[PDB]
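When reading the values below, keep in mind they use all heavy atoms of this one structure, side chains included, and skip hydrogens, waters and symmetry mates. One is the number of the first residue; the rest follow in order along the sequence.
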Amino acid sequence: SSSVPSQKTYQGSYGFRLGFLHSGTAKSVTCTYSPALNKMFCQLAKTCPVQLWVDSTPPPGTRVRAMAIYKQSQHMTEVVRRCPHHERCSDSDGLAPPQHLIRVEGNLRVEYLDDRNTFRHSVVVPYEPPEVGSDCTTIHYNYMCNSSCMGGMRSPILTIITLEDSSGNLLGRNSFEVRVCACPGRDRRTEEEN
Ligand SMILES: [Zn+2]
């Protein structure tokens, strides 16, 4: 079945929002977020911290899902996946399917889904409330193809983050645009000038 995943931001009843590190745009930066563009700029396979902020702690058994989609165009119905150079290369972590663009690092409770109905790829982790004295929870995502690998790239790629309960009920949704590139700090600077 076709699908056009919702992009609609929805804090819901726990006040679910995203946060990113304020990393600036030095040469050395591997991952930087633009508030102005609502856009991440990261390197392939590198760490991208994404914070989850909540006004009320959701119940035990809550889960966090990420899915990439093409934001717009004739590509809206196209499942985002890795290119052949990257799909068929030597880089499995033993947990991620080789086609999945998005991975989570450093979590042995990560789970990967090819949807049996829509064929969309997604990655889920358990929601862990922040440690006492911490304000948010952080997930380290890794993006496993560059923006240049993507065939719809008539279209930006959007990461959609959803909070869901143990039964799959949606509690919250947020999203940001994502560029996988050689020089995140330079491309952000450049894109904001534009
Ligand atoms: Zn690729």
Side-chain angles (χ1 to χ4, degrees), residues 3-24 30-42 46-70 72 76 79-80 95-96 100-115 117-144 155-180 184 188 192:
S3 54
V4 179
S6 183
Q7 295 176 211
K8 199 195 167 182
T9 286
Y10 210 102
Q11 304 188 26
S13 84
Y14 303 94
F16 173 60
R17 302 151 271 147
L18 294 189
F20 311 80
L21 284 51
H22 319 283
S23 311
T30 36
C31 173
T32 196
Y33 175 78
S34 176
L37 273 22
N38 186 211
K39 195 161 169 190
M40 180 173 273
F41 295 84
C42 52
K46 260 55 186 276
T47 304
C48 318
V50 173
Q51 312 169 332
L52 280 10
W53 295 70
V54 96
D55 300 326
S56 311
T57 303
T62 297
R63 275 147 66 76
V64 194
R65 182 181 310 273
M67 180 186 293
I69 68 177
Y70 292 111
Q72 76 196 26
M76 293 188 75
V79 171
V80 178
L95 296 173
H100 281 218
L101 207 221
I102 317 168
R103 286 193 193 173
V104 168
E105 74 171 294
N107 193 328
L108 291 158
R109 303 210 268 157
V110 71
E111 171 185 317
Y112 292 90
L113 170 63
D114 298 341
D115 192 285
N117 296 133
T118 63
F119 327 116
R120 301 272 178 171
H121 304 163
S122 66
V123 59
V124 214
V125 287
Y127 175 88
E128 300 224 23
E131 188 174 72
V132 169
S134 294
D135 292 321
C136 58
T137 324
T138 301
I139 298 158
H140 299 149
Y141 291 98
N142 293 344
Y143 287 91
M144 297 311 292
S155 195
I157 287 167
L158 199 67
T159 305
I160 302 161
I161 310 305
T162 40
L163 208 56
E164 76 185 38
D165 65 15
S166 49
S167 313
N169 303 306
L170 261 41
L171 314 173
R173 178 164 55 221
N174 281 290
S175 67
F176 51 99
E177 191 163 311
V178 65
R179 194 199 156 52
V180 187
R188 166 177 173 196
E192 296 170 345

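- Note that OG of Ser122 is 4.0 Å distant from CZ of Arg65, once rounded to the nearest 0.5 Å.
- The heavy-atom pair separating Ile161 from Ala66 by the smallest distance is CD1-CB, 3.9 Å.
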Open item on the list: Could you walk me through whether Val64 and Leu163 satisfy the side-chain contact (heavy atoms from CB on, under 4.5 Å) test, starting with their C-alpha distance in whole Å, then the side-chain angles of each, then the deciding distance to 0.1 Å, before giving a yes or no?
Closed with: CA-CA 5 Å; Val64 194; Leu163 208 56; 4.0 Å; yes

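- Using a 4.5 Å cut-off on side-chain heavy atoms (C-beta onward), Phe16 and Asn174 make contact.
- Atom CH2 of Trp53 sits about 11.5 Å away from atom CG of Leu18, to the nearest 0.5 Å.
- A distance of 8.5 Å separates OG in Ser6 from CG in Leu170, rounded to the nearest 0.5 Å.
- For the pair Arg63 and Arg109, the minimum side-chain heavy-atom distance is 4.5 Å or more.
- Here the closest non-hydrogen pair linking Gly24 and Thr32 is O-OG1, 2.6 Å.
- Residues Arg17 and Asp55 form a side-chain contact, since some pair of their non-hydrogen atoms from C-beta on lies under 4.5 Å apart.
- Looking only at atom types and distance, the side chain of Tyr143 has a donor-acceptor partner in the side chain of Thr159 under 3.5 Å away.
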TODO: Could you walk me through whether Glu105 and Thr47 pass the side-chain contact (heavy atoms from CB on, under 4.5 Å) test, one step at a time?
DONE: CA-CA 8 Å; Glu105 74 171 294; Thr47 304; 2.7 Å; yes

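- Checked by atom type, the side-chain pair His140/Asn107 shows no donor-acceptor distance below 3.5 Å.
- Atoms CG and OG1, on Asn169 and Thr162 in that order, are 12.0 Å from each other to the nearest 0.5 Å.
- Nearest heavy-atom pair, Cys42 versus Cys48, reported as atom, atom and distance to 0.1 Å: CB-SG, 3.5 Å.
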Task: side-chain contact (heavy atoms from CB on, under 4.5 Å) between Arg103 and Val110, intermediate numbers included - done: CA-CA 9 Å; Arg103 286 193 193 173; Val110 71; over 6 Å; no

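- Relative orientation of the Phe176 and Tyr33 rings is perpendicular, given thresholds of 30° and 60° on the angle between their planes.
- Taking the side chain as every heavy atom from C-beta outward, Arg188 and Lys39 never approach each other to under 4.5 Å.
- Residues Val80 and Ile157 come closest through the heavy atom pair CG1-CD1, 4.2 Å.
- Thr137 places a side-chain N or O within 3.5 Å of a backbone atom of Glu128 that can act as its donor or acceptor partner.
- In plain terms, the two heavy atoms of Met40 and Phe20 that are nearest each other are CE-CD2, 3.9 Å.
- One finds the CZ atom of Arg173 at 7.5 Å from the CD1 atom of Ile160 (value rounded to the nearest 0.5 Å).
- Considering all non-hydrogen atoms of both residues, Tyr112 and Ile102 come closest at CE2-O, 3.5 Å.
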Open item on the list: I'd like to know whether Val79 forms a side-chain contact (heavy atoms from CB on, under 4.5 Å) with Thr118, so could you lay out the CA-CA distance, the side-chain angles of the two residues, the decisive distance to 0.1 Å, and finally the verdict.
Closed with: CA-CA 9 Å; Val79 171; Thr118 63; over 6 Å; no

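- Taking the side chain as every heavy atom from C-beta outward, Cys31 and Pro49 approach each other to under 4.5 Å.
- The distance from atom NE2 of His100 to atom CE of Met67, rounded to the nearest 0.5 Å, is 9.5 Å.
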